[PDB]
Ligand SMILES: O=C1C[C@@H](c2ccc(O)cc2)Oc2cc(O)ccc21
Ligand SMILES: O=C1C[C@@H](c2ccc(O)cc2)Oc2cc(O)ccc21
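Numbering (our numbering), first residue to last: 570 to 780.
In structure tokens form, the structure reads like this:
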């Protein structure tokens, strides 16, 4: 597949996460903004990479479905988020943000959505602290990156980079499945904070489930 660029940030078509040797391809890459008044104001550039073994797993169900057929099924996005494979996500800052300020928003969409469904156990609470701790001493000038590694077993790994480059040596590893998927679920889920990314991951992945 081809490279996807999001507002200058250049997400290459393949990438090996920090601490991994397998190859991941780029599922999709879109912008995240919020609605200041009435304007779409861009803050981050997100890319979602999926392990190569993922094409087989998803194709079991989604082969031959159009880009819009895939783009409209919340299952295609739940499958990806919770797929029994590895997922690598890079968040690149278009606007300046601080780790303390990034992690807060992510956890309040989670530790809230878990209280909406009664799944905010001492697990989530502990995972979100270790989460909110890895981000606290960091500030992300535009160009820096946040790199999450989602494992098949639900093990989140939080690396950082000064630029769009994925570092060689890994980061922290929060050993909780919900918080792992919550992070990804919050980017390309039903309430995904990046529908552009969903659009890219729907278009690209549809052209691979026909080959
Ligand atoms: O205007 C914003 C930006 C937003 C924000 C910070 C970081 C990030 O990554 C994405 C959004 O913080 C907010 C919180 C709010 O309740 C309402 C508006 C905003
Ligand atoms: O690149 C994008 C994402 C795109 C988008 C928004 C919402 C949605 O549901 C699907 C796509 O909207 C935008 C609006 C803008 O002014 C600038 C960039 C974009």
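The beta-carbon is built from N, C-alpha and C at its ideal position, and this holds for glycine as well.
Residue j beta carbon less than 9 Å from that of residue i
i           : j           : result
residue 727 : residue 715 : yes
residue 775 : residue 631 : yes
residue 771 : residue 639 : yes
residue 671 : residue 680 : no
residue 596 : residue 739 : no
residue 599 : residue 575 : yes
residue 709 : residue 658 : no
residue 623 : residue 655 : yes
residue 614 : residue 652 : no
Own chain, CB closer than 7 Å to residue i, minus 5 neighbours either side, in chain order
i           : result
residue 633 : 778 and 779
Residues that DSSP places opposite residue i in a beta bridge
i           : result
residue 666 : 709
residue 715 : 660 and 729
Under the three-state DSSP convention, the category residue i falls into
i           : result
residue 604 : strand
residue 677 : helix
residue 694 : helix
residue 778 : coil
residue 618 : strand
Own chain residues within Cβ distance below 6 Å of residue i, not counting five before or after
i           : result
residue 696 : 743, 745 and 748
residue 761 : 767
residue 741 : 703 and 727
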